[PDB]
Every structure is written in C-alpha cells, then in structure tokens.
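For reference, the structure is listed below as structure tokens.
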Amino acid sequence: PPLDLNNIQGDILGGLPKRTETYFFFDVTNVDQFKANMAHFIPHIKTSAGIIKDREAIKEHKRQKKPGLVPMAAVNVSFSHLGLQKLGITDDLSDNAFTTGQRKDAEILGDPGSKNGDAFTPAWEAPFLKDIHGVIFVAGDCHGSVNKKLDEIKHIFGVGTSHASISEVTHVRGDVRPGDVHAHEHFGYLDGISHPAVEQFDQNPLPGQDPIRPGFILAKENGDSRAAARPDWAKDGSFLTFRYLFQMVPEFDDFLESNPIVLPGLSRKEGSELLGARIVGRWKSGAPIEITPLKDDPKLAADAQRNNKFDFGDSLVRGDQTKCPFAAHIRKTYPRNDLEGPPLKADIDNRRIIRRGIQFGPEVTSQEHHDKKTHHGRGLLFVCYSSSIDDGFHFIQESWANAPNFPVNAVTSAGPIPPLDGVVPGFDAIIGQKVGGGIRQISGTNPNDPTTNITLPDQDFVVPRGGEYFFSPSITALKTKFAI
Ligand code: HEM
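For what it's worth, my numbering labels the leading residue of the sequence shown as 877, then goes sequentially.
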C-alpha cells in the first residue's frame, strides 16, 4: 500500500536539506507538561511530503528566475529508549541495541573506554555520558535561520525558564565545508553518494541502485521482519543512530604520505593518493576505484548515472584485490556481490542504511599541516536510519568493519575457496575498532603484493566522542502517544 509521506518525518525519506544543522539533546523534566507542549511542537515537524513540496518550489523558482527566499529551517525529533521509558511508553520495539542504549553498546562497538567490573564507560565527552531522552534537530541554510527556528521550539517547551518541560543536555552543530569541497568529509572524500533506493519512494532508482522494500527503513512497512512484534504506533518510525565522530586529518594525511604504494611508474605523491583511495574505495573526487583503479576520473565522479554502477563482480571468490582491497571502507559497509553473489547469494537488504551526515569543525590550519597533528576538533556528525540498528548500524560496525577476517570468513563458511587461503582483509581503516584499543592492520592495499599488511598507527583516524540510538516516530505516533 502507498506510503503516507505526510506521516513520515522528512529526514528519513528525503533528507533535510542543509548547509548547517543543530542537534539539541534533551531530558524530559515534567512528563505531563512535555506532552502538553508536544501538541504545539508537532505542527512544526517537517514531513517527507514537505521535503518534496519544498524542493519542487525551490526548483520552480530557479526556472522562473525568481530570487531565492529565506527558507524556514526544518525540524525533526527522535527519542531514546530512556526517553520512552521516562514518558511511560513501554512497548518493546524489538531492537536490542536501541534498548541497551549506545553508552553500553559502545563497548561492543569497540569504542575506547574503561571498565570497573562489568560497567563500561566509553571515553566520550561528559554530556554524552548522561542519560539523554531525545533530540530535536534543526537544519537549514544558515546559522540565523536554524537559530530562529530552534529558539521558537525551545520557547514551546519553556527551556531555560522555571516552567521548562525539558532541559538541555548538550547541543552540537554541523556545517558543510567551504567552496567546491562542501560535500566532502574532512579527510577529503566526496560523501553522500551511495544510498539504497526505497521501493514506493524512489520512483527512478539510479543505475546500479537496487531498490529495497520500505520496511528495511520504516518500522511495520512491507519488509520489516519484526512488524508483528512491534506496536502499531511504531509504524512509519525509523531508528536514528547518532555518532559524534572526530577525525584526525593531519594524522591521516601523514599516514598516507608515510606509506605510498610502491608500484612501477608512480611517484611517492601518487602512491600516497592511491593508498587513500584504496582504503576508502573511492578517489577523493568520488570516482570508484572498482571502475577506475589506476587513476582518478573526475568526470566519472561527477556523474550520478555512472559513479555507483559496480558490484565487485566475482573478485572475492577469485581472491583478486587488484582493483579494490577487500577491506576498503565502502566494501566493508556495503559488500555488494561479495555477499549477494555466489556462493552465499545472501539477501543483505536488512544491512542497508540511509546516511544523513554533516561535517563539523574548521578547515585544517597551516600550523596543523606543519605539525602533522590535530589542534582543532573536526569530524562527522554521523546519522543513519534503518528499521533495525541490530541488523544495520550495529552489525556493520561489529561484524564487518571491526572483523579482520570479513568478508573471507563469510564466504568460506559455504565451501573452500583456495584463492582466499591465508587472506586476512583486516580492519576497515576509517571506522574499524578493535576492542581494547590494540593493534589494527589492513592488507591488500598494494595491488602487486596483496599479502602485505600495513599496521595502522596507534592513534585511530576516527575517534567517537558521543552517541545515542533514537527512534523517530511518525506524525500520528507523536500526536497519540507523545502529546495531549
Ligand atoms: C568519520 C567517519 C566516516 C567517514 C569519514 C566516512 C566516509 C565515507 C565515504 C567517503 C564514503 C563513500 C561515498 C558514499 O557512498 O557516500 C562512505 C560510504 C559509506 N559509509 Fe562511511 N564514513 C564514516 C563513517 C561511517 C560509519 C560509522 C558507518 C556505519 C557503521 C558508515 C557506513 C557507510 C556506508 C553504508 C556507506 C556506503 C557504501 C556503499 O553503498 O557503497 N560510514 N563513507
């Protein structure tokens, strides 16, 4: 049955358009006042229908050569398990990660941290060690528009007054990068290229974009394997994973410079560039190394019709890492034919996620470049959606990125594959974490000598400093369960 796009929060299907975004993390201090205030908040929430209407209007204005308006910033809302509990909404949503919460789950994710008995505390900024009940987030074109809309929302809940119904835990801000690199993450790689197409939503999937059933993103829609276990109010909500991911840019650049791929005919500079590309799975431009393994192709990169049409063929069963290491980030996070082809012919639609990241922080300074060391915080406000954190984000992190034997272990489960004997892909070098913070390695980066590993520097390139798992309910869920 068609999706009710008026009922779905707009960041899930569509995505809030932005140059800047604020995430406001709160605790509920007076439940019944919160629910009364929620009634006034709900009409401000951007829906998926709204996303489409707004984007068509901006396009039409541009075609008509009308000057642009100040767009109102857009707002969405999401609640943690702790917040559901505080509100007396006690239905089990059938996601172990969400229910556990990210502060405890971060031990298994591999985050740095310490233990006192069985109690793990991740090495996070202080506010993310507190119980967080929800997030209100506001996206827009400039700081003024976001701040105006956020102040209006805060006013609804009486924030900072003696009649508040919530309190600020903390807030974080994202900002796209300057100029032509605005959609490049801070390591320099174009981000946001590959997402699953969603049946009943994406009417014209791109070449190479296999569409998946909407229930892999939205609870209780077609394809949600847990639909019968979940409460009716959960229909058309999605699980929002937030990760506050600091990046160590100069350190990564130093790594690459210190480990150029030695290949006949390449200079040190070109070998270092190729290494970066091979660790990610794309050149900085976005061109996929599977299509262009020897050198960048900026024209390919810029063409959405071509830049994602690859599946890794049968390179895994052949043991062939010449075009792309097995442990490249994109391959660790969306395996394509590594799992979907023979021997497994696996259905990994439940491993798909929709990402809505935005960068944070200033550009690398001259002193940082000279020093080859980070002096300022910068990174990614990682956000992804799916109908199961257990199947998606958590699984990806623990079972794929953190698993040095993946994807060899998965395919040799089915039968012996002699070209894979002894092959140990290693960690995803962007996000892979080793519990206890020990030695990580990555193999397959030199196309001529796949067996050689690089042992990564002990400072991980990405450092998590906070996070939580939330559920973004539908508009009718908010009206009926969250409001009076
Ligand atoms: C600072 C941290 C991160 C950086 C710098 C980063 C960077 C990138 C880049 C450059 C791409 C390729 C272009 C694209 O398809 O968008 C990408 C793809 C992707 N990443 Fe990340 N990433 C980060 C964190 C994460 C995390 C934490 C996860 C999941 C646990 C994740 C999952 C994905 C997925 C699913 C894709 C798409 C793969 C595909 O469909 O080909 N990434 N990442």
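Each residue gets a CB set at the ideal place from its N, CA and C atoms; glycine is no exception.
- Task: Measure from the alpha carbon of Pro877 to the alpha carbon of each residue in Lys1221, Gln1076, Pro943 and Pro1340, then state which is nearest.
- Result: Stepping through the sequence shown from its first residue, residue 877 is reached at position 1. A check of alpha carbon separations from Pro877 across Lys1221, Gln1076, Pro943 and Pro1340 identifies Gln1076 as the nearest.
- Task: Would you check if the distance between the CB atom of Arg1254 and the CB atom of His1062 is smaller than 7 Å?
- Result: On the sequence shown, residue 1254 is found 378 positions in, with the first residue counted as 1. On the sequence shown, residue 1062 is found 186 positions in, with the first residue counted as 1. The Cβ atoms of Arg1254 and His1062 sit closer than 7 Å to each other.
- Message: Mapping the DSSP letters down to three states, classify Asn906 as helix, strand or coil.
- Response: Start at 1 with the first residue of the sequence shown, and residue 906 comes out as number 30. Under the three-state reduction of DSSP output, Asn906 falls in the coil class, being neither helix nor strand.
- Query: Can you name the start and end residues of the alpha helix (DSSP H) that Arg1207 belongs to?
  - Reply: Position 331 of the sequence shown holds residue 1207. Unbroken alpha helix (DSSP H) run through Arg1207: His1205 to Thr1209.
- Would you call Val953 buried or exposed, if buried means 16 or more other Cβ atoms sit within 10 Å of its Cβ? The sequence position of residue 953 within the sequence shown is 77, counting from 1. With 16 or more Cβ atoms within 10 Å of its Cβ, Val953 is classed as buried.
- Query: With distances taken from CA atoms, which of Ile1155, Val1138 and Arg1154 is nearest residue 1415?
  - Reply: For the chain, the structure presents residues 877 to 1360; residue 1415 sits outside this window and is missing.
- Query: In chain order, what residues of the same chain lie with their CB nearer than 7 Å to the CB of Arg979, ignoring the 5 residues before and after it?
  - Reply: For this step, residue 979 is matched to residue 103 along the sequence shown. Excluding sequence neighbours, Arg979 sits near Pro998 and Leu1005.
- Closest Cα partner of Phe1186 within the set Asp1214, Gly1195 and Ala1203: Within the sequence shown, numbered from 1, the residue matching residue 1186 stands at position 310. The residue with the shortest Cα to Cα distance from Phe1186 is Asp1214.
- Query: Where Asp887 and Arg1119 are concerned, what is the direct C-alpha to C-alpha distance, given to the nearest angstrom?
  - Reply: Looking up residue 887 in the sequence shown gives position 11. Looking up residue 1119 in the sequence shown gives position 243. A straight-line Cα-Cα distance of about 16 Å links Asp887 and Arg1119.
- Message: Taking contact to mean 3 or more Cβ pairs, one atom from each stretch, closer than 8 Å, check whether the region 1255-1272 and the region 1113-1130 are in contact.
- Response: Contact holds: three or more Cβ-Cβ distances are below 8 Å.
- Query: For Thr905, which residues of its own chain have a beta-carbon under 8 Å away from its beta-carbon, when the five flanking residues on both sides are left out?
  - Reply: Taking the first residue of the sequence shown as position 1, residue 905 is located at position 29. Around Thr905: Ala1040, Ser1041, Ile1042 and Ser1043.
- Query: Is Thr997 helix, strand or coil when you go by DSSP?
  - Reply: Reading the sequence shown from its first residue, position 121 is the one you call residue 997. Of the three classes helix, strand and coil, the one that applies to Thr997 here is strand, per DSSP.
- Item | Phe955 and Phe1337 closer than 7 Å at C-beta | On the sequence shown, residue 955 is found 79 positions in, with the first residue counted as 1. On the sequence shown, residue 1337 is found 461 positions in, with the first residue counted as 1. No; because the gap between Cβ atoms is not below 7 Å, this pair is not in contact.
- Among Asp1067, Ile918 and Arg895, nearest to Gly1050 - alpha-carbon criterion: Position 174 of the sequence shown, counted from the first residue, corresponds to residue 1050. Nearest option by C-alpha distance: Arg895.
- Query: Which partner residues does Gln1273 have in the DSSP bridge list?
  - Reply: Translated into the one-based positions of the sequence shown, residue 1273 becomes position 397. Within the DSSP bridge table, the entry for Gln1273 names no partner.
- Message: In the DSSP output, what is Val951 paired with across the bridge?
- Response: Numbered from 1 along the sequence shown, position 75 holds the residue referred to as residue 951. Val951 is bridged by DSSP to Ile921 and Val1014.
- Item | Three-way DSSP call (helix, strand, coil) for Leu985 in this model | As a first step, residue 985 is located in the sequence shown; it is residue number 109 there, counting from the start. Helix.
- Task: List the DSSP bridge partners of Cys1260.
- Result: As a first step, residue 1260 must be located in the sequence shown, where it is residue number 384. Its beta-bridge partners are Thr1117 and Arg1231.
- Query: Should the region 1158-1168 be called in touch with the region 1264-1277, which here means at least 3 C-beta pairs below 8 Å?
  - Reply: These segments do not touch.
- Task: Check whether the region 1290-1298 touches the region 1192-1211, taking contact to mean three or more Cβ pairs, one atom from each stretch, closer than 8 Å.
- Result: These segments touch.
- Alpha-carbon spacing of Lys1171 relative to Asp1225, whole angstroms: For the purposes of this step, residue 1171 is taken as residue 295 along the sequence shown, with counting starting at 1. For the purposes of this step, residue 1225 is taken as residue 349 along the sequence shown, with counting starting at 1. C-alpha separation (whole angstroms): 31 Å.
- Query: DSSP state of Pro1340, grouped into three classes?
  - Reply: Locating residue 1340 in the sequence shown gives position 464, counting from the first residue. Reduced to three states, the DSSP call for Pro1340 is strand.
- Check whether the Cβ atoms of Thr1321 and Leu1151 sit closer than 7 Å, and answer yes or no. Walking along the sequence shown from the start, residue 1321 turns up at place 445. Walking along the sequence shown from the start, residue 1151 turns up at place 275. For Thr1321 and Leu1151, yes; Cβs fall inside 7 Å.
- Please classify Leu1142: does DSSP put it in a helix, a strand, or coil? Mapped onto the sequence shown, residue 1142 falls at position 266. Coil.
- Assigned secondary structure, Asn1322 (DSSP; H/G/I helix, E/B strand, else coil): Within the sequence shown, residue 1322 is the residue found at index 446, counting from 1. In this structure, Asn1322 counts as coil in the three-state DSSP scheme.
- Message: Between which two residues does the beta strand (DSSP E) holding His1058 run?
- Response: Locating residue 1058 in the sequence shown gives position 182, counting from the first residue. No residue range can be given for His1058, since it is assigned to no beta strand (DSSP E) and is classified by DSSP as neither H nor E.
- Task: Return the first residue and the last residue of the beta strand (DSSP E) that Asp1027 is part of.
- Result: Translated into positions along the sequence shown, residue 1027 becomes position 151. Element bounds for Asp1027: not the beta strand (DSSP E) but the alpha helix (DSSP H), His1019 to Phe1033.
- Query: When the Cα atoms are used, what is the spatial distance from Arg1154 to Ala1305?
  - Reply: As a working note, residue 1154 is residue 278 in the sequence shown. As a working note, residue 1305 is residue 429 in the sequence shown. The alpha-carbon separation between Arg1154 and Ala1305 amounts to approximately 10 Å.
- Task: Determine the DSSP secondary structure at residue 1361, reduced to helix, strand or coil.
- Result: Because the chain is modelled from 877 through 1360, residue 1361 falls outside the range shown and cannot be assessed.
- So is the beta-carbon of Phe1236 under 6 Å away from any non-hydrogen atom of ligand 1? Your numbering for residue 1236 matches position 360 in the sequence shown. It does not: the Cβ of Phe1236 is nowhere closer than 6 Å to a heavy atom of ligand 1.
- Query: What residue ranges within the region 1277-1321 form continuous alpha helix (DSSP H) runs of no fewer than 4 residues, ordered along the chain?
  - Reply: Counting only unbroken stretches of 4 or more residues, the alpha helix (DSSP H) elements lying wholly within the region 1277-1321 are 1284-1288, in sequence order.
- Message: I need the DSSP call for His916, collapsed to helix, strand or coil.
- Response: In the sequence shown, the residue the question calls residue 916 occupies position 40. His916: helix per DSSP, three-state reduction.
- Message: Just list the residues that DSSP pairs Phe1122 with in beta bridges.
- Response: Position 246 of the sequence shown holds residue 1122. Bridge partners of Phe1122: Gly1255 and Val1339.
- Message: Threshold first: 4 residues or longer. Then list the alpha helix (DSSP H) segments lying entirely within the region 1152-1214, N to C.
- Response: DSSP runs (the alpha helix (DSSP H)) wholly in the region 1152-1214: 1174-1177, 1191-1194 and 1205-1209.
- Query: ligand 1 heavy atoms versus the CB of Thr966: any closer than 6 Å?
  - Reply: Taking the sequence shown and counting its residues from 1, the one referred to as residue 966 is at position 90. Because no heavy atom of ligand 1 lies under 6 Å away, the Cβ of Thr966 does not count as near it: no.
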